[PDB]
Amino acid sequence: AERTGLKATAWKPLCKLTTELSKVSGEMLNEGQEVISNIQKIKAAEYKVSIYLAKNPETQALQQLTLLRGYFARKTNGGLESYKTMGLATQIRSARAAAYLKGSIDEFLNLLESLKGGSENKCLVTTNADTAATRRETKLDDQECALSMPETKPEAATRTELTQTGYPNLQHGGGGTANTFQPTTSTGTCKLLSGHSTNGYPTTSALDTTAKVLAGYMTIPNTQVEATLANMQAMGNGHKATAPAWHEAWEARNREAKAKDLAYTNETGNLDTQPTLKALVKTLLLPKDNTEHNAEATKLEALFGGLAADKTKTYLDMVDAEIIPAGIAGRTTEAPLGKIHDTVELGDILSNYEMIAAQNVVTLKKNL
């Protein structure tokens, strides 16, 4: 009916959504940290191969290891650039889109909760006009509904309330007298939900226009009908006009950069299909006057014994086993590269071996 409260079938999905949205910022922190961690891990790999080369100038694996060092360098350096130029924006965009939409939901729900007055005024109701939802701490009846934003810390958010498709649990309809999301008359009423003057909010004159609230989701009529709830289940371009904050949280969520993305992970598949690897074969190893078709593939087979992805493994294993003795970079005890993961530490070790490598040349040249 006109001007009864909103049923729990309509507001409980909003409580679920605000609960879900509350963790998006934190999930964006977590995802950013994992992106940076991945960049770091690839930098560490660059460093390990670099250190092995500096320590072992006479290696018989010079070309294989040069290639791999170059590969990891491109991947970490390009990854960090991609995070700056594209990735970080997606994560900030989604955190703020969720937070903006959540702020409007929380404000409107709070206002409806607050318009409770004796038997005659109740806006968040259960299944009839007379029974207000009961707040107990952060719950409204049995549904978590904390109209607050938590501390930003790493989180894993739920993915049921705002999916790839849209907002599947938000109800849609209303706008007549069917008692769909506002029950039949009894005693309690929520005049805010009608902009008509006989039984609704305004004095004497109806509202000049229908009102859009909940950032465009809900229409408050200026005629003697129920509020309308828009269809948010199948989101798309048209919501940019009718419900921009809802379209924006949806699209931003779908466009989040992930640590598992191509930009921030090692390439996969056969060696000649790893585009950074293949390009570096041509950059670092081929003569500039190479005349051959598929020269990169041929060189990779000559280097690694085939094109399967696991053909690099014995080389990376050799790097990992290499022991860095106590005394390099002030280190107290020996350790194999495979146990040293800290980028600052690895940077120090590389620095020390580049000096040692220069000293080696000077000594050689001195001996003649």
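Don't overthink the numbering: it's just position in the shown sequence, from 1.
K.L.:
Would 47-55 or 322-330 have the larger average of its C-alpha temperature factors, as given in the entry?
P.N.:
The stretch with the larger mean CA B-factor is 322-330.
K.L.:
Give the stretch, out of 278-286 and 80-88, with the larger mean C-alpha temperature factor in the deposited entry.
P.N.:
The stretch with the larger mean CA B-factor is 278-286.
K.L.:
Would you mind checking where the Cα B-factor of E107 ranks among the modelled residues of its chain, as the lowest, middle or highest third?
P.N.:
Its C-alpha B-factor, which the entry lists for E107, ranks in the lowest third among residues of this chain.
K.L.:
Divide the modelled residues of the chain into thirds by Cα B-factor and specify which third, lowest, middle or highest, holds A61.
P.N.:
Highest third, going by the recorded CA B-factors of the chain.
K.L.:
Taking the C-alpha B-factors as the PDB entry records them, is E20 in the lowest, middle or highest third of its chain?
P.N.:
Its C-alpha B-factor, which the entry lists for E20, ranks in the lowest third among residues of this chain.
K.L.:
Could you tell me which third, lowest, middle or highest, the C-alpha B-factor of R255 occupies within its chain?
P.N.:
According to the entry, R255 has a C-alpha B-factor in the chain's middle third.
K.L.:
Please say which third, lowest, middle or highest, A99 falls into when its CA temperature factor is compared across its chain.
P.N.:
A99: CA B-factor falls in the lowest third of its chain.
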